$ cat final11.txt   # compact mmCIF, C-alpha atoms
# COMPACT_ATOMS: atom_id res chain seq x y z
CA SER A 1213 177.36 263.30 23.59
CA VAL A 1214 173.92 264.82 24.01
CA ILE A 1215 172.25 261.70 22.64
CA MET A 1216 174.21 259.54 25.08
CA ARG A 1217 173.07 261.88 27.84
CA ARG A 1218 169.46 261.36 26.80
CA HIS A 1219 169.99 257.60 26.59
CA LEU A 1220 171.54 257.72 30.05
CA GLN A 1221 168.56 259.49 31.59
CA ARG A 1222 166.28 257.04 29.79
CA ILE A 1223 168.24 254.14 31.31
CA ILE A 1224 168.23 255.65 34.80
CA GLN A 1225 164.50 256.31 34.81
CA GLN A 1226 164.04 252.69 33.74
CA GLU A 1227 165.37 249.49 35.46
CA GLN A 1230 169.31 252.21 38.86
CA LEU A 1231 168.79 254.84 41.55
CA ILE A 1232 167.65 258.31 40.51
CA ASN A 1233 168.84 261.05 42.89
CA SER A 1234 170.37 264.36 41.83
CA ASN A 1235 170.47 268.13 41.79
CA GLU A 1236 172.45 270.15 39.25
CA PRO A 1237 172.30 272.47 36.25
CA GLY A 1238 173.01 269.93 33.50
CA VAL A 1239 174.78 266.95 35.13
CA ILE A 1240 172.99 263.62 35.59
CA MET A 1241 173.53 261.72 38.84
CA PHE A 1242 172.90 258.02 39.45
CA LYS A 1243 172.83 256.81 43.04
CA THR A 1244 174.16 253.30 42.61
CA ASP A 1245 176.11 252.06 45.63
CA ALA A 1246 179.94 252.10 45.63
CA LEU A 1247 180.45 255.63 44.22
CA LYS A 1248 177.18 257.10 42.98
CA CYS A 1249 178.04 258.66 39.62
CA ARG A 1250 177.57 262.08 38.01
CA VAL A 1251 178.14 262.56 34.27
CA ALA A 1252 178.24 265.85 32.36
CA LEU A 1253 180.03 267.40 29.41
CA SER A 1254 183.43 268.95 30.00
CA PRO A 1255 183.97 272.68 30.33
CA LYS A 1256 187.26 273.04 28.46
CA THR A 1257 186.05 271.36 25.29
CA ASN A 1258 182.30 271.03 25.12
CA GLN A 1259 182.64 267.99 22.89
CA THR A 1260 182.96 265.10 25.35
CA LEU A 1261 181.05 263.61 28.26
CA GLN A 1262 182.87 262.85 31.52
CA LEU A 1263 182.03 261.15 34.84
CA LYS A 1264 182.89 261.87 38.46
CA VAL A 1265 181.98 259.06 40.82
CA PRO A 1275 191.15 254.16 44.08
CA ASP A 1276 193.09 255.45 41.07
CA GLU A 1277 191.58 252.48 39.27
CA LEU A 1278 188.39 254.58 39.37
CA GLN A 1279 190.19 257.42 37.57
CA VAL A 1280 191.15 254.82 34.96
CA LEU A 1281 187.47 253.80 34.94
CA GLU A 1282 186.30 257.31 34.09
CA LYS A 1283 188.83 257.53 31.26
CA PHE A 1284 187.58 254.15 30.02
CA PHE A 1285 184.03 255.53 30.11
CA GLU A 1286 185.19 258.58 28.17
CA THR A 1287 187.00 256.71 25.40
CA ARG A 1288 184.95 253.53 25.10
CA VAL A 1289 181.45 254.09 26.46
CA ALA A 1290 180.60 257.66 25.50
CA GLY A 1291 182.28 257.21 22.18
CA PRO A 1292 182.16 257.82 18.46
CA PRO A 1293 179.68 255.12 17.38
CA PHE A 1294 177.27 256.40 20.10
CA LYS A 1295 175.19 253.25 20.37
CA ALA A 1296 172.81 252.67 23.26
CA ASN A 1297 173.75 249.11 24.17
CA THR A 1298 177.32 249.90 25.18
CA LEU A 1299 175.92 252.49 27.58
CA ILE A 1300 173.51 249.79 28.77
CA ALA A 1301 176.48 247.47 29.34
CA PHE A 1302 178.63 249.93 31.28
CA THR A 1303 175.78 251.32 33.38
CA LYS A 1304 174.08 247.98 34.10
CA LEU A 1305 177.57 246.93 35.20
CA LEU A 1306 177.33 249.69 37.80
CA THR A 1310 181.24 245.02 44.32
CA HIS A 1311 184.81 243.77 44.18
CA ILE A 1312 183.89 243.68 40.50
CA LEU A 1313 184.94 247.34 40.70
CA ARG A 1314 188.53 246.30 41.48
CA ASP A 1315 188.56 243.40 39.00
CA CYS A 1316 186.88 245.36 36.18
CA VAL A 1317 189.14 248.39 36.61
CA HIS A 1318 192.16 246.09 36.59
CA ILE A 1319 190.99 244.71 33.24
CA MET A 1320 190.26 248.29 32.16
CA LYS A 1321 193.75 249.52 33.00
CA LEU A 1322 194.82 246.53 30.94
CA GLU A 1323 192.57 247.57 28.02
CA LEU A 1324 193.78 251.16 28.42
CA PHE A 1325 197.48 250.30 28.61
CA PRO A 1326 197.72 247.12 26.51
CA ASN A 1335 187.99 245.63 25.79
CA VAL A 1336 184.18 245.57 25.45
CA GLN A 1337 184.23 243.35 28.57
CA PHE A 1338 184.90 243.95 32.31
CA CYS A 1339 186.00 241.60 35.09
CA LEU A 1340 184.65 240.39 38.47
CA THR A 1341 186.57 238.06 40.80
CA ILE A 1342 185.42 234.42 41.34
CA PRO A 1343 188.21 234.53 43.93
CA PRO A 1344 189.71 237.77 45.20
CA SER A 1345 191.75 237.74 41.96
CA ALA A 1346 191.46 238.88 38.35
CA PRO A 1347 194.65 237.46 36.87
CA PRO A 1348 195.88 237.24 33.27
CA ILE A 1349 193.49 234.31 32.97
CA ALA A 1350 191.09 233.23 35.71
CA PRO A 1351 188.54 235.80 36.86
CA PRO A 1352 184.78 235.88 36.88
CA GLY A 1353 184.62 237.88 33.66
CA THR A 1354 181.30 239.35 32.55
CA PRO A 1355 179.77 241.60 29.89
CA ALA A 1356 176.48 242.76 28.42
CA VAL A 1357 176.91 241.97 24.79
CA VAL A 1358 176.41 243.70 21.45
CA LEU A 1359 172.95 242.48 20.45
CA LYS A 1360 172.14 240.93 23.85
CA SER A 1361 173.08 243.38 26.66
CA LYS A 1362 172.94 240.93 29.63
CA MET A 1363 175.49 239.42 32.03
CA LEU A 1364 177.55 236.97 29.96
CA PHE A 1365 180.59 235.25 31.34
CA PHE A 1366 184.11 233.97 30.91
CA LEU A 1367 185.09 231.55 33.69

$ encode --input "final11.txt" --output "structure tokens"
Amino acid sequence: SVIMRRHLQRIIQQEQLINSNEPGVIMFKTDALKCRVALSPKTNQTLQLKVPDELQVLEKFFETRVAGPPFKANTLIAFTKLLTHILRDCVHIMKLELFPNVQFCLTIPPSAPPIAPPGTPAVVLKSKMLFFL
């Protein structure tokens, strides 16, 4: 968790928007819900974000899939470089991947169906916007 936190600050001081004030939490001022990630206070063993219940599903997806047990940098690159109706489409695909994966959705229309969205990712060895359409 601490090494993902350091990777996150290294990402934010390279390439999104860097505005914050806290004790430990890191805040990233990307538009459509500027984010703030920190470890939990009940267990100290897990990172967590605070950034429309699709977004709650998005923070649980970040907790189980992004800040997660391999702790590799490029998945953090993928999720953070991802972060505007792509929010709705992605979190629909993420409530899918929570209920029913390494990819998120954007809408070529206003829709992210079973098929047929503008699906994107930032891949394993690549980490750049790659598509299913």

$ residues_around --input "final11.txt" --residues "residue 1282 of chain A" --least-positions-apart "3" --cutoff "6 Å" --atoms "all atoms listed in the file" --output "list in words"
residues 1263, 1279 and 1285 of chain A

$ atom_distance --input "final11.txt" --atom1 "atom CA of residue 1351 of chain A" --atom2 "atom CA of residue 1363 of chain A"
14.4 Å

$ residues_near_point --input "final11.txt" --point "(176.5, 269.9, 30.0)" --cutoff "6 Å" --atoms "all atoms listed in the file" --output "ChimeraX atom specification"
/A:1238,1252-1253

$ residues_near_point --input "final11.txt" --point "(176.1, 245.2, 24.4)" --cutoff "7 Å" --atoms "all atoms listed in the file" --output "PyMOL selection string"
chain A and resi 1297-1298+1300-1301+1356-1361

$ closest_residue --input "final11.txt" --among "A:1256, A:1362, A:1318, A:1217" --to "residue 1289 of chain A" --atoms "all atoms listed in the file"
A:1217

$ closest_residue --input "final11.txt" --among "A:1218, A:1288, A:1311, A:1264" --to "residue 1241 of chain A" --atoms "all atoms listed in the file"
A:1264

$ atom_distance --input "final11.txt" --atom1 "atom CA of residue 1254 of chain A" --atom2 "atom CA of residue 1337 of chain A"
25.7 Å

$ closest_atom_pairs --input "final11.txt" --of "segment 1276-1355 of chain A" --to "segment 1219-1227 of chain A" --cutoff "9 Å" --atoms "all atoms listed in the file" --output "CSV"
residue,atom,partner,partner_atom,distance
A:1296,CA,A:1219,CA,6.6
A:1299,CA,A:1220,CA,7.3
A:1300,CA,A:1223,CA,7.3
A:1303,CA,A:1223,CA,8.3
A:1304,CA,A:1223,CA,8.9

$ write_last_selection --input "final11.txt" --atoms "C-alpha atoms" --output "short mmCIF file (atom, residue, chain, number, x, y, z; two decimals), keeping the file's coordinate frame"
data_model
loop_
_atom_site.label_atom_id
_atom_site.label_comp_id
_atom_site.auth_asym_id
_atom_site.auth_seq_id
_atom_site.Cartn_x
_atom_site.Cartn_y
_atom_site.Cartn_z
CA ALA A 1296 172.81 252.67 23.26
CA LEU A 1299 175.92 252.49 27.58
CA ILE A 1300 173.51 249.79 28.77
CA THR A 1303 175.78 251.32 33.38
CA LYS A 1304 174.08 247.98 34.10
#

$ closest_residue --input "final11.txt" --among "A:1280, A:1232, A:1216, A:1261" --to "residue 1325 of chain A" --atoms "only C-alpha atoms"
A:1280

$ axis_aligned_box --input "final11.txt" --around "segment 1312-1326 of chain A" --padding-each-side "3 Å" --output "lines of an AutoDock Vina configuration file"
center_x = 190.8
center_y = 247.3
center_z = 34.0
size_x = 19.8
size_y = 13.8
size_z = 21.0

$ atom_distance --input "final11.txt" --atom1 "atom CA of residue 1240 of chain A" --atom2 "atom CA of residue 1364 of chain A"
27.6 Å

$ closest_atom_pairs --input "final11.txt" --of "segment 1284-1346 of chain A" --to "segment 1244-1250 of chain A" --cutoff "9 Å" --atoms "only C-alpha atoms" --output "tab-separated table"
residue	atom	partner	partner_atom	distance
A:1306	CA	A:1244	CA	6.8
A:1310	CA	A:1246	CA	7.3
A:1313	CA	A:1246	CA	8.5

$ write_last_selection --input "final11.txt" --atoms "C-alpha atoms" --output "short mmCIF file (atom, residue, chain, number, x, y, z; two decimals), in the coordinates of the input"
data_model
loop_
_atom_site.label_atom_id
_atom_site.label_comp_id
_atom_site.auth_asym_id
_atom_site.auth_seq_id
_atom_site.Cartn_x
_atom_site.Cartn_y
_atom_site.Cartn_z
CA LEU A 1306 177.33 249.69 37.80
CA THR A 1310 181.24 245.02 44.32
CA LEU A 1313 184.94 247.34 40.70
#
